[PDB]
Amino acid sequence: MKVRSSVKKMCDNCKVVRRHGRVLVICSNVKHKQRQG
Amino acid sequence: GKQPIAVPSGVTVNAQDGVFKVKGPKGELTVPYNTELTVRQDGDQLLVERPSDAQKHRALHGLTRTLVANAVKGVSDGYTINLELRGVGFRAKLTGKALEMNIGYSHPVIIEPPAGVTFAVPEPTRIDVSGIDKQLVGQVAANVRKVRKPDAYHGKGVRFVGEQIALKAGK
Amino acid sequence: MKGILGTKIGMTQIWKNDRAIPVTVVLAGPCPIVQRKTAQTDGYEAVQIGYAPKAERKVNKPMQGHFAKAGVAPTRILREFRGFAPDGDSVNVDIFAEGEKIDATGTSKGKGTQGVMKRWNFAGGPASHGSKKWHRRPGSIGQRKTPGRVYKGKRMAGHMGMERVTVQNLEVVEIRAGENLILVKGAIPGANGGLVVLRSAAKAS
Amino acid sequence: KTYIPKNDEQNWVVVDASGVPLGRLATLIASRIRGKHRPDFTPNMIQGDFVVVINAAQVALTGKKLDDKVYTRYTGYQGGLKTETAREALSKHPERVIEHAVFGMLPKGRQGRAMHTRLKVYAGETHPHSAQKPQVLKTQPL
RNA sequence: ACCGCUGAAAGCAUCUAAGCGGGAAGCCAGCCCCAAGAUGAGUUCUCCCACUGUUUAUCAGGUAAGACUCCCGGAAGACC
RNA sequence: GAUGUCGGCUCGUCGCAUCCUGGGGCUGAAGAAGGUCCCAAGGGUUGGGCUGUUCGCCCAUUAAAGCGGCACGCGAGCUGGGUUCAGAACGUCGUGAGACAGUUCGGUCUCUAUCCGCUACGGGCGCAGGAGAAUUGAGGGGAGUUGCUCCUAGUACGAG
RNA sequence: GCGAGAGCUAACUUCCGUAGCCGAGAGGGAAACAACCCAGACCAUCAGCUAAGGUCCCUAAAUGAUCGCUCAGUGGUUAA
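Here every chain is numbered from 1 following its written sequence, which may not line up with the entry's numbers; residues without coordinates are dropped from view. Labels are handed out in written order, letters beginning with A for the chains and numbers beginning with 1 for the ligands. The chains in this view make up only part of a larger assembly, and the values are for that part alone. With hydrogens and water stripped out, all remaining heavy atoms of the structure feed into the side-chain values.

By the method listed in its record, X-ray crystallography, this PDB entry was determined to a resolution of 3.3 Å.

Engineer: Provide a residue-level description of the overall build of chain C, including the pertinent values.
Structural biologist: What counts as a helix is a DSSP run of H or I of at least four residues, what counts as a strand is a run of E of at least two, and both are numbered from the N terminus. Looking only at helices and strands, chain C has two helices and twelve strands in total. Over its C-alpha trace chain C gives a radius of gyration of 23 Å, far above what one expects of a compact globule, namely 17 Å for 205 residues. Once the C-alpha set of chain C is aligned to its principal axes, its extents read approximately 70 × 50 × 40 Å. Taking the contacts inside chain C whose residues are at least 6 apart along the sequence as the reference set, 70% of them involve residues at least 24 apart. Method for areas: the Shrake-Rupley scheme with a 1.4 Å probe, in which residue coverage is limited to the protein chains shown. About 12900 Å² of surface is accessible on chain C, with carbon and sulfur atoms providing 51% of the total. In this setup the radius of gyration rests on C-alpha atoms only. A globule is expected at 2.2 Å times the number of residues raised to 0.38. Any pair of residues with heavy atoms lying within 4.5 Å of one another is described as a contacting pair.

Engineer: Which residues make up unusual backbone geometry, and what values go with them?
Structural biologist: All names here are of chain C. If you check the backbone angles, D94 has positive phi at about 65 degrees while not being a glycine. The phi torsion at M162 lies on the positive side, around 60 degrees, for a residue other than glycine. Tracing the chain through its elements places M162 in the loop between strand 9 (158–159) and strand 10 (167–176).

Engineer: Hey, could you go over the pairing of strand 10 (residues 128–131) of chain B for me, with residue numbers and the actual values?
Structural biologist: Residue and element names in this part refer to chain B. Inspection of the sheet shows strand 6 (residues 79–81) paired to strand 10 by three bridges, in the antiparallel sense. Its bridge partner being in strand 10, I81 is matched across the sheet by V129. Relative to strand 10, strand 9 (residues 117–120) runs antiparallel, the two sharing four bridges. Its bridge partner being in strand 10, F119 is matched across the sheet by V129. Only when DSSP finds a minimum of two bridges between them are two strands counted as paired.

Engineer: Describe in detail the nonpolar core, supporting the description with residues and values.
Structural biologist: Counting residues in hydrophobic clusters, the biggest one holds 25 residues, and the most contacted among them are C:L5, C:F96, C:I182 and C:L198. Among the secondary structure elements, those contributing two or more residues to this core are strand 1 (3–16), strand 3 (31–37), strand 4 (46–50), strand 7 (101–104), strand 10, strand 11 (181–185) and strand 12 (195–200) of chain C. Counting residues in each nonpolar core, the second largest holds 24 residues, with D:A17, D:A30, D:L119 and D:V121 among its members. Joining through side-chain atoms within 4.5 Å is the link that ties buried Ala, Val, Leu, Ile, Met, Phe, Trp, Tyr and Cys residues into a set, and such a set is a nonpolar core. To sort residues, take the accessible area from a 1.4 Å probe on protein chains only and compare it with the maximum for the residue type: under 20% means buried, over 50% means exposed, and anything in between is partly exposed.

Engineer: A description of the sheet that holds strand 1 (residues 2–3) of chain A should follow, citing residues and the corresponding values.
Structural biologist: Residue and element names in this part refer to chain A. Read across the sheet, four strands follow the order 1-4-3-2 without closing on themselves; strand pairing throughout is mixed. If you trace the sheet from one side to the other, it starts and ends with strand 1 and strand 2 (15–19), each paired once. The pairing of strand 3 (residues 22–26) with strand 4 (residues 34–35) spans two bridges and is antiparallel. The residue bridging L24 from the neighbouring strand is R35, located in strand 4.

Engineer: Requested: an account of the protein's contact with RNA strand E, with residues and values cited.
Structural biologist: Nearness is defined per residue: one heavy atom within 4 Å of the molecule or strand is enough. Taken together, 53 residues sit near RNA strand E, with A:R35, B:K134, B:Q139, C:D42 and C:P62 positioned nearest. Within 4 Å of the protein, atoms of RNA strand E come from sugar and phosphate in 82% of cases. Under the rule applied, a polar contact is a pair of N or O atoms within 3.5 Å (in protein, one hydrogen donor and one hydrogen acceptor; residues adjacent in sequence only if both atoms are side-chain atoms). Contacts to RNA strand E include C:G110, whose backbone N or O atom sits 2.6 Å from a phosphate oxygen. Those elements that provide at least two residues to the surface near RNA strand E are strand 2 of chain A, helix 1 (58–77) and helix 2 (134–145) of chain B, helix 1 (61–68) of chain C together with helix 2 (94–102) of chain D. Each residue is assigned to one of three groups, with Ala, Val, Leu, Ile, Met, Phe, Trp, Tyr, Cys and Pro labelled nonpolar, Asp, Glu, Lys and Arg labelled charged, and all others, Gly among them, labelled polar. Within the surface near RNA strand E, the residues separate by chemical class into nine nonpolar, 23 polar and 21 charged.

Engineer: So what about the packing of aromatic side chains? Which residues, and what values?
Structural biologist: Side-chain rings of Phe, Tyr and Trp, where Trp is taken by its six-membered ring, are said to pair if the distance between their centres is within 6.5 Å; with planes under 30 degrees apart they count as stacked, over 60 as edge-to-face, and otherwise as tilted. Per the stated rule, a full pass over the model turns up three aromatic pairs over all chains. Residues B:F20 and B:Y33 carry aromatic rings whose centres are separated by 5.0 Å and whose planes lie at 70 degrees to one another, so their mutual orientation is edge-to-face. Here B:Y33 lies in the loop between strand 3 (30–32) and strand 4 (39–41) and B:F20 lies in strand 2 (residues 19–22), a separation of 13 residues in the sequence. Looking at B:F20, the relative accessible area reads 8%, which means it is buried. Plain terms: the ring middles of D:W12 and D:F50 are 4.3 Å apart, the flat faces sit at 15 degrees to each other, and that makes the pair stacked. Taken as a pair, D:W12 in strand 1 (residues 12–16) and D:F50 in strand 2 (residues 50–54) lie far apart in primary sequence, 38 residues in all. A ring is scored as having a charge over it whenever the NZ atom of a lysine or the CZ atom of an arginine sits within 6 Å of its centre and within 35 degrees of its normal. Looking at B:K168, its charged tip hangs above the ring of B:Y153, at a distance of 4.6 Å from the centre.

Engineer: Describe the packing of helix 1 (residues 22–35) of chain D against helix 2 of chain D, listing the residues and the values that go with them.
Structural biologist: Residue and element names in this part refer to chain D. At a minimum axis distance of 9 Å, the contact between helix 1 and helix 2 shows a crossing angle of 55 degrees. Taken as axis vectors, helix 1 and helix 2 run oblique relative to one another. Handedness of the crossing formed by helix 1 with helix 2: right-handed. Facing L22, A26, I29, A30 and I33 of helix 1, the residues of helix 2 in contact are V97, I98, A101 and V102. Broken down by class, the residue content of the contact of helix 1 with helix 2 amounts to nine nonpolar, no polar and no charged. What counts as an axis is a line fitted to C-alpha atoms, over the stretch in contact for a helix, and the angles between N-to-C directions run from 0 to 180 degrees. Oblique is the label for any angle not covered by the other classes, which are roughly parallel (under 35 degrees), roughly antiparallel (over 145) and roughly perpendicular (65 to 115). Working rule for handedness: look at the near helix, and if it is turned counterclockwise from the far one by less than a right angle, call the crossing left-handed; if clockwise, right-handed.

Engineer: Which residues make up the protein's contact with RNA strand G, and what are the values?
Structural biologist: Around RNA strand G sit A:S5, D:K1, D:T2, D:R24, D:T27, D:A30, D:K64, D:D68, D:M105, D:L106 and D:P107, and those are all the residues in its vicinity. Close to the protein, within 4 Å, the atoms of RNA strand G belong to sugar or phosphate groups at a rate of 48%. D:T27 is positioned with one of its side-chain polar atoms (N or O) 3.5 Å from a sugar or linking oxygen of RNA strand G. At a separation of 2.9 Å, a sugar or linking oxygen of RNA strand G approaches a polar side-chain atom of D:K64. Across the surface near RNA strand G, the residue classes tally to four nonpolar, three polar and four charged.

Engineer: Pulling in residues and values, what's your account of the sheet that holds strand 9 of chain B?
Structural biologist: All names here are of chain B. The antiparallel open sheet is built from three strands, whose spatial order is 6-10-9. Edge positions in the open sheet fall to strand 6 and strand 9, since each of these has one partner strand only. When strand polarity is set aside, the average angle formed by the axes of neighbouring strands in this sheet is 20 degrees.

Engineer: Can you explain the pattern of salt bridges? Please cite residues and give values.
Structural biologist: Residues and elements named next belong to chain B. Take a side-chain nitrogen of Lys or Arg and a carboxyl oxygen of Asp or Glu: if they are within 4 Å of each other, that pair is a salt bridge. Inspection of every chain in the model, using the stated rule, returns ten salt bridges over all chains. With a shortest N-O distance of 2.2 Å, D53 and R50 are connected by a salt bridge. Here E100 makes a salt bridge to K93, at a shortest N to O gap of 3.4 Å. Here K93 falls in the partly exposed class, since its relative accessible area comes to 34%.

In structure tokens, the structure reads:
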């Protein structure tokens, strides 16, 4: 999991989602797994 | 936006109040919704209409329909998911209705189906969770798919037959 | 739950097979039943047993009635036990069984007013390299202009002992009914002649 | 020259807390207690009727009854005596959720305290009516 | 934290905005000890019971149940 | 018309930007062992040698051998090794008296606690009779650690 | 506060210019509080209108009216 302040796409997958007051990043690949929190 | 509504024979809706009550051949099922969420049957088919249209609304909208349409194929055809046990010595037996895992753990894993679910096993290497409520089934085949996820090097443990599990591949 | 009153009596040596074991000989005399509390009278379920006897010439008038209210015979000690019952009077026969683990609960021998080295261990200090705070005396009570006081609970001298205590899970080694005698492994609280209460494991392994 | 006091009065009202927004309700309770449309309407001492609340357990909040509403409570020398609970967490004692949100909207002085005395909540309903043998003018909120 | 079921708004997809579940030496309960001066001062069992004193001595005074005083002790304790 | 100074010792308690134990994502993660980011402060965090030390280096261990705060926590609590009195010495500066980035041996650290606070223990009164005794539990406190061996299994895994 | 030097366009920092206030200023407001905001106390009065500020309850006064904005507790501690 990657908690980064600046969260953005990293390939034509990265699906920026919004679960409980948080900005997430689900990509078909994992190393792209992001999350401001 | 969603509107079509196949309400085949077996059914029996009862929009009485907010408890959009239902009854079919598989067993009377009940699903609540939003009151200001406008819906009932017109002519033959059915439809859930809506007041305002943009978000706070068109969402519950696209929710309810999908939801009721479920109770349909619900009491109409009943639901059943098919799981796959995979890996060396992985195997499920049973006990009454109790799903019985056997997946590498120093001691066996027993799983018990809740109030309206049923376990079945063909070859102690394939599984099945049938039932009435589309949710629970999913909401439980999960609990079974969880007793052991597939690994990134051999994709073992329970999975979804036509499951796509590529392998990292190590040494 | 279950339980009965008793008197400590002393410890001694005893071999169970080839392993000598120290044991605290307790006497849990037969106990009377002088009042059944029920979550319908006292709002809660429980029992009142009695212990040592007492001459009626000592027995207050009111106390007589309470005991007479069950026709028992003035004891001199009464104690409650939650969620218990039986019919008649409570003895250890059948109650505790050889092998059961129990929680003996007497009253610690009273140590009077004790320092910190003794009541809380502390460490006092020196004994030779400069002093006036030889061994005992606590070091410092706090910090400075912050928490310009001392905390609530700081350990300091005080009356040590004379407190209720409970030493859990004791193995009832032997049991001599016909003598309301019982033998427990290990040491029970308080001194001989003291009232000890033996119950079932408060919560055991 | 201004008016004086009375006494031989003790209006015994019974407000209902059901579904109503705790706060609002509270303010109301806190109102009458201290002095509503007031008799001699005076400071010195209280003439503010006696309040009986039923239910309580079914009072009402909004976004937070899990989040935000955290009734804190710091015991002994605060050697980490930081004890707090979610309001929903006050399902053990709804009774206090109210009772302890009103003693706030009430003077805090000598008299002030003697004023929680007249507030008298009950987590129930009809059963509560038992601890109720005097008047009972049910003056619900609004 | 993290993993999820059913799933719209974006006819797909989504742990989610309706909803539902799993989940930490931590939190609350649980264990042992204190505890109604919890002045909102609780509960239960038992005992003693309704004395005397004329607007001149308006309330105290015999007493019940019970207890203190005091004596002799104590595994209780500085004194209490 | 005085807020005692470095370091120890004693006594603790708090934050988390967690040192170890707990849970988790990703790993270039086979397993075992690790890296790293997230959540998480319940509790725990060893004994020696050198130095006044803090620090740090080192011996032997450990699950670990956290970092900081509280007048660089704590002298009406102890020490007094350190350094900012009087003696004396060396080097150095000064014609000198004296001086010092310095170094070195020596050198009285004040029985009596009033208010708050704190630990124990009593007396009063109160709790709508006067008494004996048995309790409910509002609330509050204490405790909350970790290794190793065995078993499963020489399995899963792995060319081994 | 405004205009500059200094200083890290740091400090209840420092030095000038300039206006106001405290100093020599009570009263209302700003929870509390020199100088910020309103306003300058001759004494007496259970009389009245207003400023800055305010009008759920702790306090005096519309939980006011109408059209909107945000579900964060933003409101009730900063930024790329």
